[PDB]
């Protein structure tokens, strides 16, 4: 029970009207129903047809000749601090037709004649006759109570809307229509609404919501940001997709994909990671294509129910604000019930639910550009007003940011609210090599100060575009099979590369694979995401200052996808690098001209007390095919030798094998700390492995964490040994397509961490070799397993004990270990001696 309530619903209200007015169905004014849906139990269809919009409400009819104006008054029974009023009257003159929307033949929109009421006013006070009345809203010339002055500024009529109209307690803020700071209240017992129907003596009041507090003590206040998102406070987002089943009034919380629940997903998060996690409520295909009355009812009911369950658990929430250009803005689609968003309702969710933090936008521009920018500009302002945030997820082929800023309203909203705005990549279209350019754009936007930060959405749909079985191409498998195919450790490699670039947001799909089903944690979540995210929570990423200090070159403009080849790495579609030598290579998109972006970057650098990096156009002669390698190699000295990825950040080495689906060993030769500069570690790894190494500093010891967790899908998914149905079709009496049910069944029965009787432990028992060669040493060093991933219930080990071989002649120690999972090693008793033959750390 949060402190802001609908007092009109909560209290035993009394409804009255004036002299020469008749009142019918007073109870409907405060019943919490704006839509009067009748077929919730059958998906809001009568047979195969969406239910018609039937407007019910409190009818007030003037019986005075020559005076069609009426009023209705609610007595809350006592005085309460009021913050928001929601007024809805009959929207349509006659009936709405369920008409064609966008796309044609699929999307439904109401069409008909909307009413523009006139002589509307809202007056509140503590006297039953409102002799002490305070004007909340005033349009036209309705006669106010004796003692109440006319306002100097009077409003003009508006068109009645599906969600009603929203009023606040500051008459100076757009004549009462302007959203106030949290906790802006006026005390009142009595709320009177004047209205004249342009046609006739009767007004139908569908709903009057009166939001306020039990007492002054409960009144809320804006107390800085709801969340900090930065290197010291990173954020993991998990998508909570509706399973597309919901009935207004249901007692149980909204069902999510894969038998998950909002509270169940929250309680699955390890306690020490909960403060760095959020849940994203996603309407998915819930009431997809529905006309306005059904779409808005379900968008609100689904999100409110989720928010309430999250509030009880202390779980912070983001809502999906916009996908597939499904916005109420002119030209929007109805691909999602986000098409029925009421900005006044979104404002109310921030006031009502202190755990409401953010809005998410993804995958719009395929379906339209300007309408989703118009919507995003409004929702970014709302989020920032309440100290919340806005996350935009997309891959940038070159036009994504340019499109965002091509919209005048979105450009202006970013100028004012940019610190609450975050861009994260989205590698779904892994076959288009824009992964590395997107990271550059999003890092550059943050670095120059256009945005609050950047991060990642790694999507296992990326596997589907290229690969199936381990080491193999996509072949002719069903896409739902290929979705299950991605190596778990590869998600950690992506998380490590985003971390090293000062990324602060981490998200993964498909959620039922990467996070889990049935309110359990998946193998990916248990053995990779929670393990590395804990590291990232406890070891801050580079700050903006730390990235700016280490950045020698910032690029401007539409960088070529393949620019990264010969520098940081060939774009794979999987958001990983061949080397950390050059970092991400920030590229500022066309937020402004090159000169404008340069002034912005210099001001940002100056605020941080750092030398501004040089800004080069992507077309600069230094950045040509033939010149870029010498140019970058001269700016950034080599830190290690080899074809594996390595980067040294804050005295720690970060490595991985960078082969996505080719079985090749790679190595990194690292110059080691301590008095003996000739000291070397050669690490050699097979694919799907990342490593964190932290030297004692004096040359005697090092700690190494490696993680190469990988489940084998070849037999259970691709050979389909359990005969799952992998198709995009529905079976009779199912609301979910067979391929998706097959993903859930795989995660529920065949791929279970700590598998109970009758379920299968993960196929993760085939081990792979890591070797460490240390030169040149006086004697054999000591290696031990400080801690290692333990068996599943099948009792099979995830690692073997490390073996050490020391050649006393060459002074080379070789440490060998076999793993599938994580191990923490400690190497001690190192005595390095001068090695005239040590690998030189220099370019070829």
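Residue numbers count along the first chain shown, from 1.
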Which of the two stretches, 688 to 696 or 97 to 105, shows the higher mean Cα temperature factor in the record?
97 to 105
Taking only the CA atoms, which stretch has the higher mean B-factor in the record, 646 to 654 or 239 to 247?
646 to 654
Go through 819, 789, 807, 30 one by one and give the residue whose Cα B-factor in the PDB entry is largest.
807
Could you say which of 164, 254, 328, 198 has its CA atom at the highest B factor, as listed in the PDB entry?
198
Third of chain Cα B-factors occupied by residue 37
lowest
Entry-reported Cα temperature factor of residue 498, expressed as the chain third it lands in
lowest
Determine, from the deposited record, the chain-internal third of the Cα B-factor for residue 342: lowest, middle or highest.
lowest
Splitting the chain's C-alpha B-factors into thirds, which one does residue 636 fall into?
highest
Taking the C-alpha B-factors as the PDB entry records them, is residue 275 in the lowest, middle or highest third of its chain?
middle
